[PDB]
Amino acid sequence: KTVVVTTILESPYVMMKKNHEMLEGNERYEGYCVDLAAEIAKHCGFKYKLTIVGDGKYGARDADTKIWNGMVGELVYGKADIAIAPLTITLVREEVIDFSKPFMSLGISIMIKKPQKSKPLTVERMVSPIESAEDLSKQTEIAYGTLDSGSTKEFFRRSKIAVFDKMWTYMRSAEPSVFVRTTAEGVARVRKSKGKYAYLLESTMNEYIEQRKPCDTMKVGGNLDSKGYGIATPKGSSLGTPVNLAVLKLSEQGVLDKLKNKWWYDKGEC
Amino acid sequence: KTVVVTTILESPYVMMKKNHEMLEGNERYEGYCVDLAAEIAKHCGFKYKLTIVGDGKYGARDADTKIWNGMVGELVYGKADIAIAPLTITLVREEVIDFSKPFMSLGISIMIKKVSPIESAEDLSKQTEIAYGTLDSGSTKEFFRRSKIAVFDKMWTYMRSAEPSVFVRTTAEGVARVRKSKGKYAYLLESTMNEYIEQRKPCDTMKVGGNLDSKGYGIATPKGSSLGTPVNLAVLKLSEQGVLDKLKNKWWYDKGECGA
Amino acid sequence: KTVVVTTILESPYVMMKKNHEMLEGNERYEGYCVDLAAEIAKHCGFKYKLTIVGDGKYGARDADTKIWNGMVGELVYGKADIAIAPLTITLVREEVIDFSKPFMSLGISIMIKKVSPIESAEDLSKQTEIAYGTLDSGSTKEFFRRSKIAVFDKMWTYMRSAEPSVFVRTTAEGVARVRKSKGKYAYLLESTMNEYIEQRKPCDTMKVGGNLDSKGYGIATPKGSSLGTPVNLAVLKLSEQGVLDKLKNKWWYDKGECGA
Amino acid sequence: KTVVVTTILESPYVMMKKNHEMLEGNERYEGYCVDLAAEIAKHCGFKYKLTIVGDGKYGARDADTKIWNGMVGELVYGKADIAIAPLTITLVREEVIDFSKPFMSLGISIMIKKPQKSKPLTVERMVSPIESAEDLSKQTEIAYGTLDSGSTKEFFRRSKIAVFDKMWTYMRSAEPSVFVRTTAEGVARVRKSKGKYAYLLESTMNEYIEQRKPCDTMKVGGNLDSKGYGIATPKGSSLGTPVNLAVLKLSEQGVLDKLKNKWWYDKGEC
């Protein structure tokens, strides 16, 4: 019996092939996550068919209803059996599903439009309004926001640190709304905001976008915390230990580093 | 009922209190792992007695005996209940004990006594003039042992067939040896350990290049134990809250006894 | 009894003189191959009639049909007696035809339009901005297909899985494309051919990096023939006497129609 | 029936290891040729026993006796059946044995003591007295000679080039004798001659000596000839074609380049 692997349409984890109007099956998508699924199936024998969640959300908890949605939400309800997707490992998700050991290090970073080149002897220097989260919280002339129903929204929602509390208090009463449904929408907002917008996203997508054309955006500051990407699995499933072992095996041989280099730096430019 | 805890004497993870002859119990130990164990006990609600394994090795498998030494051995043979210590998560140990979610990211890093013609691992393997070594019975010598890369295989062959034995019993002795070797030694060790060593006086050692790979530190637990899930939840909540980052800064960058 | 000699129209190995329409016989052909064949005919003592293959292919195996094309095909199938031409010695040809000792060393070279940003082959493979290709139905392509190195395999996938077809029927058209690509095309070809192209006007191409591997040009003879040993002896005598070096200098650097 | 492998004790092809007094069998010798023979026997299955010729000569034909000595000499008479050694391919040699395709590229180079660095603005440069062989022929104050009963001496004997004829004319009447018995003897004469002597040898050993400590010698000029090292085999033997195919395979997979790099450049003491 074949199992369904749920994934989110995000780059460079899963991208649409140029020739995909006629292709069918698992050959429709390319990226990091499809390679990870291929290696998982090579380490342990099973037939997998990738799918994309209709909602398109990573997964969070709704208010006053306590119903899980998104990738995690449909993984709890049994319509999916494994989520090989860039899903962060969180305490709220750890109490409802089983998470394998992280296969990708990440952190909340700062995304800003690349500032222009200051002419002043003829050397070329780079300056940026934002160099840390503290100064972004202090300043107000540049707006900032996160991705709706993601992991960073939950991180700022339940943070007792003073600076993160200030950022969250600014975010909840932001007029107009600052959150974005997709990473691409937030990136486009940074692109067309004339430097009047800061994006809070995971470091992996941030560096991939920085090293991709037209590369007019760059990351400043530092990682606000340390988290990881894990392979989801429903509670009481016979796949958690094999997938955990497979991730450990891939880490030991170094396949994960090879895929990261191939899909992050090998296709870079500028 | 009390809980038996096993750890190792490694800095800045577990150290000995300056005034420890006049103190008894758990008050004579301080460091990252001691505070971590205190918070884990607070979140779970159990009394724990911190102990140090009589053998000062982390744990491995000896030559053709199928016996676990170090902390993992005390964990599998009923001598221990939980090990909050710098125990790297690897495949081989995942089949004998339970690993919680990692609480400290790390990677294999090089360090030399202060042009730097040691830029990364490629030329270091290609340069046999200066020797190098790893910790015996740890997670690094085994990492080199079962690596399928050609460069890492060459490094393993050069490490095993070297006169004299470049392996060192304890990382402190290896640090001393590389400090007294006048640049004729590069020590392979974890990123956190190397950063802590290079961040203290006399600051005559530096980390160069980047990590050879990425790994983490896990709170080990005997297989099929009722404490694995509670400690995993405790690590998750401490990482979400940010206390782990606070302890990392407190025991790595707070004393600041050097200029960098 | 005359001897059929096969070859290809490749510069500077074979030239069609300058007024070939006014000449007939083997007197209308000049170049390294023509003079070399003259010397072999003088040493062995046989009359030969130089011919050009109908389809100017060096030799390859087609799509799972077990058919030899080009000069090697004309040799195995009885259409030719001996090949004096730039025929690289490789594994597959040795099993179907007899090779003499190499009379010209060679290697895989990188050619670009006029510090190079690529130089080494690994650097060229890592950068996908500049496309590259090989000569179809030759030895370079086959060398790339059977290469087991990761870099060379990724190269082979790069030229094979590219849009449009980077492969070119003749090395002359590839050289023209490189000169017309404004530095966006690197052509992979033999060191001798690349050096000859560079040495000629308008001197808008240069050779960067080293030679990827070790090959040579052999004089092809069909399997189990009586002319393999005499031709090998003639090649050895010419190499010892130094006529090969003089011919290479005369047809590669004697003209010197460039500033260097 | 095990096949006897005849070789010559020359570096870096065959060198004695530090722990060789107690070792026995093929493990006594380590170097380029020994692992080349190992790969040859791995490609085509046979059992090989390593041996070293008692005479220690590469091989040549004496005058008025028509008796072949050295490695080729003992190979012709039948006491050996294959030779994985740095043996050059020559017309006189191939007339009696069946060589294989050249597994190494070689030429005749010039060996000279490395001159001192010239003081004069503070840039440090180096100069050589005689770069090309022509200058060595015109010059007389620095002596030069080949290796006795080798390929270089044979080539100079039968050379028709004017400069090479002049060099041979000088060598044949050298007082005292200029030819050296072993490559090590020629190198030592170069070191102890204070720059008064020049050595003629194949480029491979010249490169090895240049890149080996204390690296007081260097090679000037280009490559006078262009020859190669082939695997010897008695005329009419059945091992010729398997050896040729194995050499071609090793060249094609890149093994030969790996051995050259790991026995010539990898131990870069200088």
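As written, the chain order gives the labels A, B, C and D, with residue 1 at the start of each chain.
The criterion applied here is as follows: a contact is a pair of C-beta atoms (placed from the backbone, for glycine too) under 8 Å apart; a residue touches a chain by one contact, two chains touch by 3 or more.
**Student:** Computing the C-alpha centre of each chain, which chain sits at the greatest distance from chain B?
**Tutor:** Farthest chain from chain B, going by C-alpha centroids: C.
**Student:** Let me have the rounded angstrom distance from the C-alpha centre of chain A over to the C-alpha centre of chain C, please.
**Tutor:** 52
**Student:** As a quick test, compute the distance in whole Å between the mean CA positions of chain A and chain B.
**Tutor:** 29
**Student:** Looking at which chains touch which, would you call it a line, ring, star, complete or other?
**Tutor:** The chain contacts form a single closed ring, each chain touching exactly two others.
**Student:** So which chains actually touch one another? I want all the pairs, not just one.
**Tutor:** Here the touching pairs of chains are A-B, A-C, B-D, C-D.
**Student:** State the interface residues of chain D toward chain B in the complex, per the touch definition above.
**Tutor:** The contact residues of chain D facing chain B are 266-269.
**Student:** Can you list the chain D residues touching chain C in their complex?
**Tutor:** Interface residues on the chain D side: 89-91, 94-95, 99, 101-102, 105, 155, 158-161, 225-228, 244-245, 248-249, 251-254, 256-257.
**Student:** Taking the complex as given, what residues does chain C use to touch chain A?
**Tutor:** Residues 126, 128-129.
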